[PDB]
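**Q** So that we are looking at the same thing, I have put the structure below in structure tokens.
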Ligand SMILES: O=C(O)[C@H]1CSC(c2nc3ccc(O)cc3s2)=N1
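Residue numbers (the entry's author numbering): 3 to 35, 47 to 153, 165 to 298.
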């Protein structure tokens, strides 16, 4: 019933295929993986910045998700733009849209928990969409992981997606990953080395988190101007609020949309080689 066109890739739950409905002619993305009920609820989520979950297929005791198809992800686009960099107006537009998507999902009590360039999809009209929202909770790369997760907190908040987005924001600007850790501790220490080793002053409760060790080295925080040059102060300001250690102090998606950084936001058209 579905015609395997090509392997889009390998996800976190299963393998992804570009597929054609051998009846409707529809071109879709197919992912082969209490969960049934939960992901079925996700079908109701509709937002221009969220990849549409078309249908949930539970058959032969196996689970397929049918998604709206988009041709390119942010990862491939960043690689293709690595020489020149993505223009600031397009970076700003993408960030603005992504925050809209987060704000919508967060208002409906849906988290992503696993944001990364590979699940951010773009099209020819200058739109960008979040894929895999709510899949983490339903079904039960460390670079974009929030520090509270790395410190073994069992209870996640919307703030984890904001951290991830912040990391992706910085990566778009510098054309290099912000915290490319190769293990949980390397990831953690890369964060510490840049933002300063967290303490009770900046993050009340941190020394009581399950995987926190008093034996953590004490790195001083470095100037933000060194981290995302040559982003202007509006952008650096927004980023620092997205990268607060304390998830309670970390800026929400709705508040982020009101940041002065987005005062001159537009919607440019990217040139894609599809
Ligand atoms: O599944 C993942 O972990 C990451 C890597 S593969 C992937 C993709 N998801 C979609 C969803 C819809 C679509 O048209 C393309 C992709 S690629 N997201």
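Think of the CB as a built atom: it goes at the ideal place given N, C-alpha and C, for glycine as much as any other residue.
Could you say which of 256, 94, 240, 234 lies nearest to residue 223 if we only look at CA atoms?
**A** If we check each option's Cα against that of residue 223, 240 comes out closest.
**Q** Run the proximity test for residue 59: is its beta-carbon closer than 7 Å to any non-hydrogen atom belonging to ligand 1?
**A** Residue 59: no, Cβ never under 7 Å from ligand 1.
**Q** Looking at residue 27 and ligand 1, is the gap between the Cβ and the nearest heavy atom below 7 Å?
**A** No, the beta carbon of residue 27 sits no closer than 7 Å to any heavy atom of ligand 1.
**Q** Run through DSSP, which three-state label would residue 1 get?
**A** Only positions 3 to 298 of the chain appear in this structure, which leaves residue 1 out of reach.
**Q** Out of 171, 142, 81, point me to the one whose CA is closest to residue 208's CA.
**A** The option with the nearest alpha carbon to residue 208 is 171.
**Q** Buried or exposed: which applies to residue 19, given that a residue is buried once 16 or more other Cβ atoms fall within 10 Å of its Cβ?
**A** Buried.
**Q** Given this structure, state the Cα-to-Cα distance separating residue 214 from residue 273, to the nearest angstrom.
**A** Cα to Cα, the separation comes out at about 21 Å.
**Q** According to DSSP, is residue 151 part of a helix, a strand, or is it coil?
**A** Three-state DSSP puts residue 151 in a helix.
**Q** Report buried or exposed for residue 132, applying the criterion of at least 16 other Cβ atoms within 10 angstroms of its Cβ.
**A** That one is buried.
**Q** Relative to the alpha-carbon of residue 292, which residue among 99, 227, 80 has its alpha-carbon at the smallest distance?
**A** It is 99 whose Cα lies nearest to the Cα of residue 292.
**Q** Can at least three beta-carbon pairs, one atom from the region 131-148 and one from the region 56-68, be found at a separation below 8 Å?
**A** Cβ pair count under 8 Å is three or more, so yes.
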